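Asks: Pasting an experimental structure, sequence included:
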Amino acid sequence: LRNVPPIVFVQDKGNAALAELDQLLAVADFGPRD
RNA sequence: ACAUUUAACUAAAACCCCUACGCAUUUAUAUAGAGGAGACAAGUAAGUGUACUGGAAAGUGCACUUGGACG
Ligand SMILES: [Mg+2]
């Protein structure tokens, strides 16, 4: 790019949610045959 | 181009040429029209030179400059 504005690095907190939900769903108990 | 005759017992008389200039030269005066400047009035950073496209508005190509940015 000819002109790039100043770069700001911002943490993303929308990924930890899905990671932790998958972690919980991988060991959670579900209904009989459901 | 044109031109020294008369006179002279004191001494004087006579003396008279032809051509420049225009359909040239020099500027200026006015007018057919055309075009200017001034006044009034109302993301691609920025430039220089050059070139092409476009009716314009502008865009793009090549080189150059910082009179920009880069914590
Ligand atoms: Mg130079």
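Replies: Yep, that arrived. Residues are numbered from 1 along each chain as shown, chains lettered A, B, ... in the order given.

Asks: Can you name the residues of chain A that neighbour RNA strand B?
Replies: Counting by C-beta under 7 Å from any atom of the strand, the positions of chain A adjacent to RNA strand B are A:1-3, A:6-8. For every residue, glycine as well, the C-beta is placed using N, CA and C.

Asks: Report the two of those residues separated the most.
Replies: Greatest spatial distance in those: A:2 and A:8, 19.8 Å, computed using C-beta to C-beta.

Asks: Same list (the residues of chain A next to RNA strand B) but as a markdown table, adding neighbour count.
Replies: Output for the residues of chain A next to RNA strand B, formatted as a markdown table (neighbours: other C-beta atoms under 10 Å):
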| residue | neighbour count |
| --- | --- |
| A:1 | 4 |
| A:2 | 3 |
| A:3 | 4 |
| A:6 | 4 |
| A:7 | 5 |
| A:8 | 5 |
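
Asks: Identify those among the residues you listed that sit within strands.
Replies: Per DSSP state E, strands hold no members of the residues of chain A next to RNA strand B.

Asks: From residue A:28, how far off is the residue positioned nearest the centre of chain A?
Replies: Centroid check for chain A by C-alpha atoms, centre = their mean gives residue A:15 as the closest residue, at 1.6 Å. Per C-beta to C-beta, to the nearest Å, residue A:15 is found 20 Å from residue A:28.
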